[PDB]
Amino acid sequence: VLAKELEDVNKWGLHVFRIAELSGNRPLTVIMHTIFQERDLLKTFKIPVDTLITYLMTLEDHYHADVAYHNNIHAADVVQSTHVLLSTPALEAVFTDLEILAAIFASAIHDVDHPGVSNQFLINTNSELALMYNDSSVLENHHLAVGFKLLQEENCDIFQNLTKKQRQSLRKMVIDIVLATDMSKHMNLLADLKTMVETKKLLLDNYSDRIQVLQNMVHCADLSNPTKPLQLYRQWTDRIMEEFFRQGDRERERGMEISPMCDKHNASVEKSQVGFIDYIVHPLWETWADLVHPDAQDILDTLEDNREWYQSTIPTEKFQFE
Amino acid sequence: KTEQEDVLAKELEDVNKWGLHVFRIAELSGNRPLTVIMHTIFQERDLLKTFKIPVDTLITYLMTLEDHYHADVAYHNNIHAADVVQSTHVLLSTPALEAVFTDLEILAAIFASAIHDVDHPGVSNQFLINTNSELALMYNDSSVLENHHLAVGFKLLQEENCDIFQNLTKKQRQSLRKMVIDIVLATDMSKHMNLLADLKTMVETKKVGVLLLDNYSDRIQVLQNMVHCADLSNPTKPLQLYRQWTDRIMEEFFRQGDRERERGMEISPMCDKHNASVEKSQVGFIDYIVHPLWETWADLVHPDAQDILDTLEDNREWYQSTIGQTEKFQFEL
Amino acid sequence: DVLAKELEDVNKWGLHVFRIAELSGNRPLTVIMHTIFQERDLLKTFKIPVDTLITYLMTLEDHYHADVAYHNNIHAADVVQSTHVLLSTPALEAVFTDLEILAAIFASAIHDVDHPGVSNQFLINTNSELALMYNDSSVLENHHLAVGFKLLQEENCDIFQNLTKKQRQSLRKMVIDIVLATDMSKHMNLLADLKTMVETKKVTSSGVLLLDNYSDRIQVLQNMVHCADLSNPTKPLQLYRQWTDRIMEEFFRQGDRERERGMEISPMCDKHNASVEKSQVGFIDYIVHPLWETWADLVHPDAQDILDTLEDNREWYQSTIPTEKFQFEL
Amino acid sequence: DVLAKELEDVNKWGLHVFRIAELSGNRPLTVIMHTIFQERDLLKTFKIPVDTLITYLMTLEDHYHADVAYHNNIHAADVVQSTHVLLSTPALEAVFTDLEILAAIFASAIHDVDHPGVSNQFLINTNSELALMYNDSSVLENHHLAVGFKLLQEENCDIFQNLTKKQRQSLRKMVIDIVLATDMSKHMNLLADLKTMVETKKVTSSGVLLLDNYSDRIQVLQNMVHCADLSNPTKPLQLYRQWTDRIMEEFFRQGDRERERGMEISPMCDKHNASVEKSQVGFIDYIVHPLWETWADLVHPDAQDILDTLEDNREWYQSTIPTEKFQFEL
Ligand SMILES: COc1ccc(C(=O)Cc2c(Cl)cncc2Cl)c(OCC(=O)NCc2ccccc2)c1OC
Ligand SMILES: COc1ccc(C(=O)Cc2c(Cl)cncc2Cl)c(OCC(=O)NCc2ccccc2)c1OC
Ligand SMILES: COc1ccc(C(=O)Cc2c(Cl)cncc2Cl)c(OCC(=O)NCc2ccccc2)c1OC
Ligand SMILES: COc1ccc(C(=O)Cc2c(Cl)cncc2Cl)c(OCC(=O)NCc2ccccc2)c1OC
Ligand SMILES: [Mg+2]
Ligand SMILES: [Mg+2]
Ligand SMILES: [Mg+2]
Ligand SMILES: [Mg+2]
Ligand SMILES: [Zn+2]
Ligand SMILES: [Zn+2]
Ligand SMILES: [Zn+2]
Ligand SMILES: [Zn+2]
C-alpha cells in the first residue's frame, strides 16, 4: 500500500521512487497533499481541496516525463526534504505559516518545465527562453513564471483566500528562494550563511536574515541526494548522469564543445560524485549542520559514508572548483 | 486521505489522553468510534505484529462487533464501548503499572472492554428476569447480560474473516479467553463490593518503583478493577463529556421506566421521569460507588490518578451545586 | 526581572495580565502603558517626558478603586493592551496616525477611572451627586473622561504639554467620542453603524481599510475600544473564567446594597437567585458575538482566531448551566 | 537511568545492544544477563547468590577481548538476549524445563569467551598450543567452554554451587552439546536434523512442540543458539550494518596477519579485494536464510516478521553491490 509509505513523510529517507510507482506517477501530488494536511495548510490559508489537487496535478504535468532527473520525482524529493528541514528542533517556532508555505511551494515549482539541459546550452543555441531572459538565470526565471502562471488555469488558484499582503509577501519569498537555486549563486549563499553561523543569536529578526535561511534550506534540499540512504542516492546518480550524457550526445551531434560531466565516452561517474561532495555538497551541508547543531549530524554522517562508498569504487574538477 | 479522514486522524492523536472527545470521533468516523479507536490502539500497541492478526480480519471483526451494539440504545451503545476501550488503554499505561502486564494480558483487557456491553437491549437484568425472557431462562437469572455480552463477543469471531485470534496457540487462546471472562463477569454490579474489598486489601500490603504482582489472582484482580474503573469513568471526565453521559443513561433509564409503567410493573430505581432527581442520583452514584472505587485505585497507582480523582470531586461539587428508593439501591452495593 | 519576561507577550492576545499585576506590585496599568508607549515610540513622537508619563500613569491607576472586584486597574490594563493588539491588526496597517493611536490607548486607560463598582441606574435611583451633575445621561462615562482629563493638572502630570493646540483639541475630541461609546446604551446604534460600513466597504490598493472622513475613522476607533472592553469572552478560558468570577462578585455586592436598601435588584445582581453560566451564554449570544461577528467581517479574515475562541468559550459555559429581557432590548 | 528505558526492550527482537553497552560502561553482558536472570527468576529457582552472579558475569565478560571488533562481549550479550527472546516464542511455551533454559542462556553467554579474533584454521596452520591441545578439532569451540567453566573457580564465581550433582551433570552436558554445535562445520547436519524434525513435527494438545527424548530436545536448543548466533541479518538494518562493519574489520585484521606472514588469505579477509555486500548476500542465501526459513517453519508463525526483515535486509545489500566456494561448501 501507498498510504503506509507516506507515514515516512516526516523522515529523512522516504521511499520516494516507491511512492512514485505506487501512486501511478503522482509523487508530487500525493506528497505535497500529505504535507499540506500534515501542516494544516488547507485550514490556515483556506485552500479548497479540489483547487489544491487540481493545481498539484497541473504543476506535476508540467514536469517532463522524458527528463531523467529534473522531473516530478526530483521535485517531490526536494519538497519532502524541505518539509523535514523545516521541522528541525533548532528552528522550532521560528517561521510563520506563510514562510513555511513559501519554502514548500518554492520547492514544488523550483524546476517546473525543465528540458533536461543547462542554461548555457539554451544560451548557445539562441533559444527563445534565453532570448526572453537575456541569458540570466534563464531556467530559474522560467521555473518561477510557469509555476505562477499555472495558478491561472481552471480551479488552480490555491492562494485565492490569501489577503493582498499575504500574496505579495509570499510572491517575493518564492522568487528569492527559487532564484537562489541557480548554481552561480551557490558561492555567495554559502558565504553569507558562513557569516551567520558566526554571529548568531535561534532568532532571525529581519527579512534579510529570514529569507537567507529559507534560501539555503531549499538549496540543501536541492543538493541533498548525497545525504540519503545509499540505495536512493545511487538512483539519483544513475538519473542525473543519464540526463547529463544525453545533453552530451546532443552537444556532440551539433558540433558543440561537450559540457562538464556530459561525455559518456569519458565519464568518471564515481570521481565526479566525490568531487560533488568535496567541493559543493559537503562544504554546504557542514555549514547547515553548524547553524542547527547537532540536528543534522546523522545527515552529515550519511554524507561521509556515501562519499567513502563512492571513493572505494573508483577503479569536470575545474568546473567544480569555479 | 479525504478531508474528514484527516480531521478524524487529528482527533485520534489524543487517544493516549483522558477525556478524548469520543462523541466528535463518533461523528467524524461515520458512527464508527469503536472500529477506529480499537484499530488505533492495536496499531499503537503493535498488537497486530505480536499476535499476527491480519489487518482485514481485525477491521472486519471490529465493524461486526460494533454492528451488534444497538444504535437505538442511548447509553449502552458503541460510543460507550469505545469510551471504556480508550479509558482502559490510558489506565494500562499509567506510570505505576509500567512493564507489569504481558502482551496477552493487555490484549485481554482491551478486547474485554470492547465486547463487554455488546448487544445490550437498554434494560436491566431484573427487567429480563421479571418478564421471563429467553435470555434470563438460558442464563438462570445470573449475570444474564454480562454472560450474553461475552457469548456474543466470542460468537462473532466465527463470522466470515472475523477470527482475530486465528494465529494464537491453544495455550494463548485458553489464557486470553479465561481473562476476558474474568474481566467481563466483573462488570456485573452485584460484584462491586467484593471487587473493591479485594482491591482495598491489595493496596494495604502492596509491594513496589512499579507495582509487584506475581500470582494469577492479583493480576486478574488489577485488570478486572481497571476495566470496572473504565466502566465507571464518566464522573471523572471533563464536565462537557460527563454531562453527555448523564443525559444518555437517564434517557436509557427513563425508557425502561415507561416500559415498566406500560406493563403495570414496579418502576426500577432512577427510571421514573415524572419523579427523578438527576443531580441527586449523581451525587449518590459518586459518593457510594464511583468515589470509593477511584479513591482506592488512586492509592494503588499513587500519584498517577491525582488529576482524575480531583476532576471527580469537582464534578460531584458541581452536581451538588445544582440540586430514597435510589439511595436504598446505591447503598446496598 | 520576572515581570520583564511576561511583558514580552504584550503584543499577544492572552497576556497573563493577572500575574503582571502581581509581579509589578499592583501596578499593571502603569507597566503595560509604559511598555506600549515605548514599543510604539510614543514618547519621542509626542515629546512626552518619561517622568511626567509615569507620574500620570501612577496617578491614573491610583484613581481606580482597589476595592472594586472587576472595574479596577486590572480591567483598565486589560482594555489598554487589547486595544494595542487590535490596533496592530493587518487590515489596519498604516491606517491611523500616531495621534489617533495615542487617542485609542489613552481613552482605554482612562475609560473606567473612578468607577464605584455600581451601575448608572443605582447612581440615578439614589439621587447621587454624580447623576445630578450629568443629568442621568452616561453618568459614569462622562465622569471617567472628566477625572481622566483633570488628573493631567496634578503635579508633573501633563503628558500632552508638548502637543500643539490642533493636536490637543483633536486628541481631546477623539478620546471623548471613544469613551462615551462605552455606555452600553449606545451599543445598539454603534453596531448598526458598523454594519452599514461593512455593506459599503472600501479598501486601499494595499488591501487595508480605506477611511477618508472623520465620521468613519472615529466609528472604527469607537467599535475597536468597544470590542476591547467586551473582550473577556474571547480570551483563553483561564483568563475569561477569572473575569466572570470578578464581574459577578462586583454585581453581587451591588445586589446586596440594593436589598439592604429595599431597592429592586438589578439583572444579574441577585446572589440568591443567580444564573452565572447562562448569563455568560446570554452575554455572548446577544451582545459579544454579534459585535465581534461584525468586527471580523470588517477586518476579514484577521479576527478569525478570536471568533473561534468566543464560540469555544460559549460551549464551555453552555455545558455548565444547571435577565434575558435585559440582554435582548439592547 | 536512561539505561532502564532501554532494558525495557529486553524481551524484544532488536534491542539497542550497542546503546546498552555505552550506558552500562562497556558492561552489556553483565547487565543483560542480570536482567534476564531477574526476569526469569533463575536466582530464586537455583539459589544463585546475587553477588556471585555479578562477580561471575564481570569475570566472564572481562575474558572477552576488548581489542576484538566482533567476537567480544557485545556479541556475547547480543546472542544471550536473542536466545532469551527465542526461548519465549509462543510455539515453545512450557516445553523446556528451568535447567534447560539456564543451559541455553549460560551457553549463549560463554560461547565465544576468550576469542582471539582469528579462525581455527589460522590456529592450526600456525601450530598454536591451543590447536595442539584440541587436536585441530573444534579448537576455539572447545576453548570457549573450558574457559566458561574454568572461571566458575575464581573467587565467589560459582553460580552453580547450590545445584545438586544430578542438575550440575545435566546442565554441563547441555552447555557442552550446545556450544560445540556453534562450530560451522556442524551447520549442515544441524540444519538437516531441524528439517527432519519440521517434516515429522508433533504438537501437544495445547499447540506446542513435542520432544520426548534428549536427542530431540538438545537438537532444538542447539539450533536455537545457532539461530541466535546467526541472527545479525534478521535485525533492524541499523543494527545489522554495525554487525557487518565489525566482523569485516575483524576478518580484515586476520587477512593483514596472514599477508604479513606469507599465508594464504582466508575468504572475506583481503581488505584490498573485498565484496562486503556480495558476501552478506551470499551469507544470507547460503547459510542464514536456509537456517531461519526452517526455524520459522518449526515455530510457525512466530518468526514471520524476523524472516520478513531478513528478506528486506538482503535486498538492501543487493542494492549496494557496485568466498562463494567457501559459503557453498558449508
Ligand atoms: C547526485 O548527482 C548530482 C545531482 C545534481 C547535480 C546538480 O548540479 C543539480 C543542479 C542544480 Cl542543484 C542547479 N543547477 C544545475 C544543476 Cl545540473 C549534480 O551536479 C554536480 C555538480 O558539480 N554541480 C554543479 C553545477 C553547476 C552549474 C551547472 C550545473 C551543475 C550531481 O552530480 C553529477
Ligand atoms: C453517569 O451516569 C451513570 C452512568 C452509568 C451508570 C451505571 O450504573 C452503568 C451500569 C454498570 Cl457500570 C453496571 N451494571 C449496570 C449499569 Cl446500568 C449509572 O448508574 C448509577 C448507579 O447507581 N448504578 C448502580 C447500578 C447497580 C446495578 C444495576 C444498575 C445500576 C449512572 O448514573 C445514573
Ligand atoms: C465576563 O463577564 C462580563 C464582563 C463584562 C460585562 C459588562 O457588561 C461590563 C459593562 C460595560 Cl462593557 C458597559 N457598561 C456596564 C457594564 Cl457592567 C458583563 O455584563 C453582561 C451584560 O449583559 N452586560 C450588558 C449591559 C451592561 C450594563 C448596562 C447595560 C447593558 C459580563 O457578564 C456578566
Ligand atoms: C554480519 O556478518 C557476518 C556475521 C557473522 C559471520 C560468521 O560466520 C560468524 C562465525 C560463526 Cl557464527 C561461527 N564460526 C566462525 C565465525 Cl567467523 C559472518 O561470516 C560469513 C560467513 O559466510 N560465515 C561462514 C563461516 C564458516 C566457517 C568459519 C567462519 C565463517 C558474517 O559475514 C561476513
Ligand atoms: Mg534547478
Ligand atoms: Mg454492562
Ligand atoms: Mg464602562
Ligand atoms: Mg564461535
Ligand atoms: Zn532541482
Ligand atoms: Zn459498560
Ligand atoms: Zn470597561
Ligand atoms: Zn558467536
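Note that these values count all heavy atoms, side chains included, but never hydrogens, waters or copies made by symmetry. Proteins get letters first, then strands, A, B, ... in listed order; numbering begins at 1 in each.
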Show your working on side-chain contact (heavy atoms from CB on, under 4.5 Å) between D/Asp78 and D/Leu15 and close with a plain yes or no. CA-CA 9 Å; D/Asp78 180 50; D/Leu15 174 88; over 6 Å; no
After noting the C-alpha distance and the side-chain angles of D/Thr45 and D/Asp98, does the key distance pass the side-chain hydrogen bond (donor to acceptor under 3.5 Å, both in side chains) rule? CA-CA 8 Å; D/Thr45 306; D/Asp98 293 298; 4.7 Å; no
Hey, mind stepping through D/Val225 and D/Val179 against side-chain contact (heavy atoms from CB on, under 4.5 Å) and telling me if it holds? CA-CA 8 Å; D/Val225 183; D/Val179 174; over 6 Å; no
Please step through side-chain contact (heavy atoms from CB on, under 4.5 Å) for the pair D/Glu61 and D/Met58, ending with a clear verdict. CA-CA 5 Å; D/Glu61 186 167 32; D/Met58 290 182 171; 5.7 Å; no
side-chain hydrogen bond (donor to acceptor under 3.5 Å, both in side chains) between D/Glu154 and D/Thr59: does it pass, once the steps are laid out? CA-CA 8 Å; D/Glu154 304 214 350; D/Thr59 311; 4.6 Å; no
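Counted within 6.0 Å of CZ on D/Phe328, heavy atoms from surrounding residues, nucleotides or ligands total 12 or fewer; the atom is thus considered open. Under a cut-off of 6.0 angstrom, the local environment of NZ in B/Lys171 is crowded, with over 12 non-hydrogen atoms contributed by other residues, nucleotides or ligands. Counting heavy-atom neighbours within 6.0 Å of B/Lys52 NZ, excluding the residue itself, gives a total above 12. Applying the 6.0 Å contact sphere to CD of D/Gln304 captures more than 12 heavy atoms from other residues, nucleotides or ligands. Remark: D/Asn213 CG is packed, more than 12 non-hydrogen atoms of other residues, nucleotides or ligands lying under 6.0 Å away.
In terms of heavy atoms, D/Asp51 sits closest to D/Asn156 at OD2-ND2, 3.1 Å. Considering every non-hydrogen atom in both D/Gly255 and D/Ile265, the closest pair reads O-CG1, 3.8 Å. When all heavy atoms of D/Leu194 and D/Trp295 are compared, the closest pair comes out as CD2-N, 3.9 Å. The two atoms that bring D/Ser82 and D/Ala228 nearest to each other are CB-CB, 3.8 Å, heavy atoms only. The two residues D/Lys186 and D/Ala181 have their closest heavy-atom pair at CB-O, 4.3 Å. Summarising the geometry of D/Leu230 relative to D/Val288, their closest heavy-atom pair is O-CG1, 3.5 Å, with the distance given to 0.1 Å.
Under a 3.5 Å cut-off, the side chain of D/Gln327 and the backbone N or O of D/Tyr286 do not form any donor-acceptor pair. D/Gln81 places a side-chain N or O within donor-acceptor distance of the main-chain N or O of D/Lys12, the cut-off being under 3.5 Å. Here the side chain of D/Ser275 pairs no donor or acceptor atom with the backbone of D/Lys278 at under 3.5 angstrom. Without hydrogens or angle criteria, B/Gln166 side chain to B/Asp163 main chain gives a donor-acceptor distance under 3.5 Å. No donor-acceptor pair under 3.5 Å is formed between the side chain of D/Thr52 and the backbone N or O of D/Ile48. One N or O on the side chain of D/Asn120 and one on the backbone of D/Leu140 form a donor-acceptor pair closer than 3.5 Å. Checked by atom type and distance alone, the side chain of D/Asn313 never pairs as donor or acceptor with a backbone atom of D/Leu310 at under 3.5 Å. Side chain of D/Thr89 to main chain of D/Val85: no donor-acceptor pair is present (N/O by atom type, distance under 3.5 Å, no hydrogens or angles). With hydrogens and angles disregarded, a donor-acceptor distance shorter than 3.5 Å links the side chain of D/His111 to the backbone of D/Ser108.
The closest side-chain donor-acceptor pair between D/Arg40 and D/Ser88 falls under 3.5 angstrom. Using modelled atom types and a 3.5 Å distance limit, the side chains of D/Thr309 and D/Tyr240 yield no donor-acceptor pair. Between the side chains of D/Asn125 and D/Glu264, no donor N or O sits under 3.5 Å from an acceptor N or O. Between D/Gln254 and D/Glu250, the side chains place no donor N or O within less than 3.5 Å of an acceptor N or O (distance only, hydrogens not considered). D/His65 and D/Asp114 form a side-chain donor-acceptor contact under 3.5 Å, judged by distance and modelled atom types alone. There is no side-chain donor-acceptor pair under 3.5 Å between D/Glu155 and D/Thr55. With hydrogens and angles left out, the side-chain atoms of D/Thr204 and B/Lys170 include no donor and acceptor closer than 3.5 Å. In this structure, a donor-acceptor pair under 3.5 Å is absent between the side chains of D/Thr182 and D/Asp229. Between D/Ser137 and D/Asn135, the side chains place no donor N or O within less than 3.5 Å of an acceptor N or O (distance only, hydrogens not considered). Side chains of D/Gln38 and D/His34: a donor-acceptor N/O pair is present below 3.5 angstrom, by distance only. Between the side chains of B/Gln172 and B/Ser175, no donor-acceptor pair of N or O atoms lies under 3.5 Å.
From D/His84, atom NE2 reaches atom CE of D/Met33 across 11.5 Å, with rounding to the nearest 0.5 Å. Within the model, atoms NE2 of D/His75 and CG of D/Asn232 stand 7.5 Å from one another, a figure rounded to the nearest 0.5 Å. Put simply, OG1 on D/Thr320 and CH2 on D/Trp316 are 5.0 Å apart, with the number rounded to the nearest 0.5 Å. The distance from atom CG of D/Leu291 to atom CG of D/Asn223, rounded to the nearest 0.5 Å, is 6.5 Å. The CE atom of D/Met133 sits 10.5 Å away from atom OG of D/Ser128, with the distance rounded to the nearest 0.5 Å. Rounding to the nearest 0.5 Å places CG of D/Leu298 at 9.5 Å from OG1 of D/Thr294.
D/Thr126 places a side-chain heavy atom less than 4.5 Å from the side chain of D/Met263. Side-chain contact between D/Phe252 and D/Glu249 is absent, with no heavy-atom pair separated by less than 4.5 Å. Between D/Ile159 and D/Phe46 there is no side-chain heavy-atom pair separated by less than 4.5 Å. Using a 4.5 Å cut-off on side-chain heavy atoms (C-beta onward), D/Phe251 and D/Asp270 make no contact. Within the 4.5 Å cutoff, the side chain of D/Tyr64 has no heavy atoms near those of the D/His71 side chain. Side-chain atoms of D/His289 and D/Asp285, non-hydrogen and from C-beta on, never get closer than 4.5 Å to each other. Within the 4.5 Å cutoff, no side-chain heavy atoms of D/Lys325 are placed close to those of D/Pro267. For the pair D/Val281/D/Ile284, no side-chain contact is recorded, criterion being any heavy-atom separation below 4.5 Å from C-beta on.
Among residues at least two apart or in separate chains, ring pair (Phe, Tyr, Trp, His ring centres under 6.0 Å) pairs with a member in residues 124-168 of chain D are D/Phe106-D/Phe160, D/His115-D/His144.
Here D/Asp256 pairs with D/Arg259 in a salt bridge; the nearest charged N to carboxylate O distance falls below 4.0 Å.
D/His16 pairs with exactly one of D/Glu22, D/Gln238, D/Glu6 by the side-chain hydrogen bond (donor to acceptor under 3.5 Å, both in side chains) rule, that one being D/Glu6.
A cation-pi contact links D/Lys235 to D/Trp13, judged by a cut-off of 6.0 Å to the six-membered ring centre and 45° from its axis.
Contacts of D/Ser231 classified as side chain to side chain donor-acceptor pair (under 3.5 Å), with partners at least two apart in sequence or in another chain: none.
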